[PDB]
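K.L.:
Just one file: model05.cif, with mmCIF, N, CA, C and O atoms.
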data_target
#
loop_
_atom_site.label_atom_id
_atom_site.label_comp_id
_atom_site.auth_asym_id
_atom_site.auth_seq_id
_atom_site.Cartn_x
_atom_site.Cartn_y
_atom_site.Cartn_z
N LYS Q 44 23.78 2.87 17.54
CA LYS Q 44 23.29 3.69 16.39
C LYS Q 44 21.97 3.14 15.85
O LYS Q 44 21.14 3.90 15.34
N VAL Q 45 21.79 1.83 15.96
CA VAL Q 45 20.58 1.17 15.48
C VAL Q 45 20.13 1.72 14.13
O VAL Q 45 18.93 1.88 13.87
N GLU Q 46 21.10 2.02 13.27
CA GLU Q 46 20.80 2.57 11.94
C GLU Q 46 20.34 1.48 10.97
O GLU Q 46 20.12 1.75 9.79
N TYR Q 47 20.20 0.25 11.47
CA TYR Q 47 19.76 -0.87 10.64
C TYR Q 47 20.86 -1.27 9.65
O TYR Q 47 20.59 -1.52 8.48
N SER Q 48 22.08 -1.35 10.15
CA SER Q 48 23.22 -1.73 9.32
C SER Q 48 23.15 -3.21 8.99
O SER Q 48 23.41 -3.62 7.85
N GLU Q 49 22.80 -4.02 9.99
CA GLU Q 49 22.68 -5.46 9.83
C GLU Q 49 22.68 -6.15 11.19
O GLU Q 49 21.90 -7.07 11.44
N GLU Q 50 23.56 -5.69 12.08
CA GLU Q 50 23.66 -6.25 13.42
C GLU Q 50 22.32 -6.22 14.14
O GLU Q 50 21.80 -7.26 14.54
N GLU Q 51 21.76 -5.03 14.30
CA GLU Q 51 20.47 -4.89 14.96
C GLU Q 51 19.43 -5.71 14.21
O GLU Q 51 18.58 -6.36 14.82
N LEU Q 52 19.52 -5.69 12.89
CA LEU Q 52 18.61 -6.44 12.05
C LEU Q 52 18.71 -7.93 12.36
O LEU Q 52 17.71 -8.58 12.65
N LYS Q 53 19.93 -8.45 12.32
CA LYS Q 53 20.16 -9.86 12.62
C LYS Q 53 19.56 -10.21 13.97
O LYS Q 53 18.84 -11.19 14.11
N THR Q 54 19.86 -9.38 14.97
CA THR Q 54 19.34 -9.58 16.31
C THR Q 54 17.82 -9.56 16.28
O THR Q 54 17.16 -10.42 16.88
N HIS Q 55 17.27 -8.58 15.58
CA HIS Q 55 15.82 -8.45 15.45
C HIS Q 55 15.23 -9.70 14.81
O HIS Q 55 14.27 -10.27 15.31
N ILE Q 56 15.83 -10.13 13.70
CA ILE Q 56 15.37 -11.32 12.99
C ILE Q 56 15.34 -12.53 13.93
O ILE Q 56 14.41 -13.34 13.88
N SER Q 57 16.36 -12.64 14.77
CA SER Q 57 16.45 -13.75 15.72
C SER Q 57 15.18 -13.87 16.56
O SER Q 57 14.35 -14.75 16.32
N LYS Q 58 15.04 -13.00 17.55
CA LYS Q 58 13.87 -13.01 18.42
C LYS Q 58 12.58 -12.78 17.64
O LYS Q 58 11.62 -13.53 17.79
N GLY Q 59 12.58 -11.75 16.80
CA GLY Q 59 11.40 -11.45 16.01
C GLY Q 59 10.82 -10.08 16.31
O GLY Q 59 9.61 -9.88 16.22
N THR Q 60 11.68 -9.14 16.67
CA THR Q 60 11.25 -7.78 16.98
C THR Q 60 11.44 -6.85 15.79
O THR Q 60 11.02 -5.70 15.82
N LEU Q 61 12.07 -7.36 14.73
CA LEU Q 61 12.29 -6.56 13.53
C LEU Q 61 10.95 -6.09 12.95
O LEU Q 61 10.89 -5.10 12.23
N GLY Q 62 9.89 -6.82 13.29
CA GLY Q 62 8.57 -6.48 12.79
C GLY Q 62 7.82 -5.54 13.72
O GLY Q 62 6.59 -5.47 13.68
N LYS Q 63 8.56 -4.81 14.56
CA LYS Q 63 7.95 -3.87 15.48
C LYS Q 63 7.83 -2.50 14.83
O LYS Q 63 6.75 -1.92 14.76
N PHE Q 64 8.96 -1.99 14.36
CA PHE Q 64 9.02 -0.69 13.70
C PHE Q 64 7.94 -0.56 12.63
O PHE Q 64 7.43 -1.55 12.11
N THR Q 65 7.60 0.68 12.29
CA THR Q 65 6.59 0.96 11.27
C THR Q 65 7.15 0.68 9.88
O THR Q 65 8.21 0.08 9.73
N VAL Q 66 6.42 1.12 8.86
CA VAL Q 66 6.85 0.92 7.48
C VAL Q 66 7.95 1.91 7.10
O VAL Q 66 8.97 1.52 6.54
N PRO Q 67 7.77 3.21 7.42
CA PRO Q 67 8.77 4.24 7.11
C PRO Q 67 10.15 3.85 7.63
O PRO Q 67 11.17 4.17 7.02
N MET Q 68 10.17 3.17 8.77
CA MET Q 68 11.42 2.73 9.39
C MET Q 68 11.94 1.47 8.70
O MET Q 68 13.14 1.33 8.46
N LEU Q 69 11.03 0.57 8.38
CA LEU Q 69 11.38 -0.68 7.72
C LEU Q 69 12.03 -0.40 6.37
O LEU Q 69 13.02 -1.03 6.00
N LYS Q 70 11.48 0.57 5.64
CA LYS Q 70 12.02 0.96 4.34
C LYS Q 70 13.51 1.26 4.45
O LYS Q 70 14.28 0.98 3.53
N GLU Q 71 13.91 1.83 5.58
CA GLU Q 71 15.31 2.18 5.82
C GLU Q 71 16.21 0.96 5.66
O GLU Q 71 17.16 0.97 4.88
N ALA Q 72 15.90 -0.10 6.40
CA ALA Q 72 16.67 -1.33 6.34
C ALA Q 72 16.72 -1.87 4.91
O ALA Q 72 17.77 -2.28 4.43
N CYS Q 73 15.57 -1.84 4.24
CA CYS Q 73 15.48 -2.31 2.87
C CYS Q 73 16.40 -1.50 1.97
O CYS Q 73 17.07 -2.04 1.09
N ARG Q 74 16.43 -0.19 2.19
CA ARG Q 74 17.28 0.70 1.40
C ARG Q 74 18.75 0.34 1.58
O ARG Q 74 19.54 0.43 0.64
N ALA Q 75 19.11 -0.07 2.79
CA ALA Q 75 20.48 -0.46 3.09
C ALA Q 75 20.78 -1.85 2.56
O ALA Q 75 21.92 -2.16 2.20
N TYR Q 76 19.76 -2.69 2.51
CA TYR Q 76 19.91 -4.06 2.02
C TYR Q 76 19.81 -4.11 0.50
O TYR Q 76 20.41 -4.98 -0.14
N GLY Q 77 19.06 -3.18 -0.07
CA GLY Q 77 18.89 -3.14 -1.51
C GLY Q 77 17.79 -4.06 -2.00
O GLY Q 77 17.79 -4.48 -3.15
N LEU Q 78 16.84 -4.37 -1.11
CA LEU Q 78 15.73 -5.25 -1.46
C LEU Q 78 14.64 -4.48 -2.20
O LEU Q 78 14.84 -3.33 -2.59
N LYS Q 79 13.50 -5.13 -2.40
CA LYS Q 79 12.38 -4.50 -3.10
C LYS Q 79 11.38 -3.92 -2.11
O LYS Q 79 10.81 -2.86 -2.35
N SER Q 80 11.18 -4.62 -1.00
CA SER Q 80 10.24 -4.18 0.03
C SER Q 80 8.81 -4.25 -0.47
O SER Q 80 8.56 -4.58 -1.63
N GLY Q 81 7.86 -3.93 0.41
CA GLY Q 81 6.46 -3.96 0.03
C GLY Q 81 5.69 -2.77 0.57
O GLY Q 81 5.98 -2.27 1.65
N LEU Q 82 4.71 -2.31 -0.20
CA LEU Q 82 3.89 -1.17 0.20
C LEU Q 82 2.81 -1.58 1.19
O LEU Q 82 1.62 -1.52 0.89
N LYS Q 83 3.23 -2.02 2.38
CA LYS Q 83 2.29 -2.45 3.41
C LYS Q 83 2.92 -2.37 4.79
O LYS Q 83 2.60 -1.48 5.58
N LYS Q 84 3.83 -3.30 5.08
CA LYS Q 84 4.52 -3.33 6.38
C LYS Q 84 5.29 -4.64 6.53
O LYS Q 84 6.49 -4.70 6.26
N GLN Q 85 4.60 -5.69 6.97
CA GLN Q 85 5.22 -7.00 7.17
C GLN Q 85 6.05 -7.40 5.96
O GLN Q 85 7.06 -8.09 6.09
N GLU Q 86 5.63 -6.95 4.78
CA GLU Q 86 6.35 -7.26 3.54
C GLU Q 86 7.82 -6.89 3.67
O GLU Q 86 8.69 -7.60 3.16
N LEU Q 87 8.09 -5.80 4.36
CA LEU Q 87 9.46 -5.35 4.57
C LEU Q 87 10.23 -6.40 5.36
O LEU Q 87 11.34 -6.78 4.99
N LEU Q 88 9.62 -6.88 6.44
CA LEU Q 88 10.24 -7.90 7.27
C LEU Q 88 10.70 -9.07 6.41
O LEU Q 88 11.84 -9.50 6.49
N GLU Q 89 9.79 -9.58 5.58
CA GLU Q 89 10.10 -10.70 4.70
C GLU Q 89 11.36 -10.42 3.90
O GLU Q 89 12.30 -11.22 3.91
N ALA Q 90 11.39 -9.27 3.22
CA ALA Q 90 12.56 -8.90 2.43
C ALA Q 90 13.82 -8.97 3.29
O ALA Q 90 14.85 -9.49 2.86
N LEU Q 91 13.71 -8.45 4.50
CA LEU Q 91 14.82 -8.45 5.44
C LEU Q 91 15.17 -9.87 5.85
O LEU Q 91 16.30 -10.32 5.68
N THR Q 92 14.18 -10.57 6.40
CA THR Q 92 14.37 -11.95 6.84
C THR Q 92 15.03 -12.77 5.74
O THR Q 92 16.08 -13.38 5.94
N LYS Q 93 14.41 -12.79 4.56
CA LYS Q 93 14.93 -13.53 3.42
C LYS Q 93 16.42 -13.23 3.21
O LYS Q 93 17.18 -14.10 2.80
N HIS Q 94 16.82 -11.98 3.48
CA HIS Q 94 18.21 -11.57 3.30
C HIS Q 94 19.08 -12.03 4.47
O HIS Q 94 20.30 -11.82 4.45
N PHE Q 95 18.48 -12.65 5.47
CA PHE Q 95 19.22 -13.13 6.63
C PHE Q 95 18.58 -14.39 7.21
O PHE Q 95 18.70 -14.66 8.41
N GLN Q 96 17.90 -15.15 6.37
CA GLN Q 96 17.24 -16.37 6.81
C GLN Q 96 16.80 -17.22 5.61
O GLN Q 96 16.09 -16.74 4.73
N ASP Q 97 17.23 -18.48 5.60
CA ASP Q 97 16.88 -19.39 4.51
C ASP Q 97 15.48 -19.96 4.71
O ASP Q 97 14.57 -19.55 3.96
#
Please rewrite the model in this file as structure tokens.

P.N.:
Amino acid sequence: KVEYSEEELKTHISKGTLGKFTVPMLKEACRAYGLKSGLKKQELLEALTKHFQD
């Protein structure tokens, strides 16, 4: 489903492909995570990573 539930995200965070998708797609994961996200792109990754990486 790759709906960005967390599994794909976790996997993405691991290797580092989570930063491939565009911003419109990144916002999706953020919406599911409940983060703040950023009006740019990579900013989304950070929000995601932070939610799955110390």

K.L.:
Taking the file as shown, find all residues satisfying the PyMOL selection byres ((chain Q and resi 91) around 8) and write them as a list in words.

P.N.:
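Evaluating the PyMOL selection byres ((chain Q and resi 91) around 8) on these coordinates yields residues 52, 53, 56, 69, 72, 73, 76, 78, 79, 80, 85, 86, 87, 88, 89, 90, 92, 93, 94, 95 and 96 of chain Q.
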
K.L.:
State, in Å with one decimal place, the distance from atom C of residue 57 (chain Q) to atom N of residue 97 (chain Q).

P.N.:
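Between these atoms lies a distance of 12.1 Å.
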
K.L.:
Would you list, as an MDAnalysis selection string, the residues of chain Q that end up in helix (DSSP H, G or I) under DSSP run on this structure's backbone?

P.N.:
chainID Q and resid 50:58 66:76 85:93

K.L.:
Could you tell me how far CA of residue 65 (chain Q) sits from CA of residue 49 (chain Q), in Å to one decimal place?

P.N.:
17.4 Å

K.L.:
Between CA of residue 81 (chain Q) and CA of residue 44 (chain Q), what is the spacing in Å?

P.N.:
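That distance, rounded to one decimal, is 24.7 Å.
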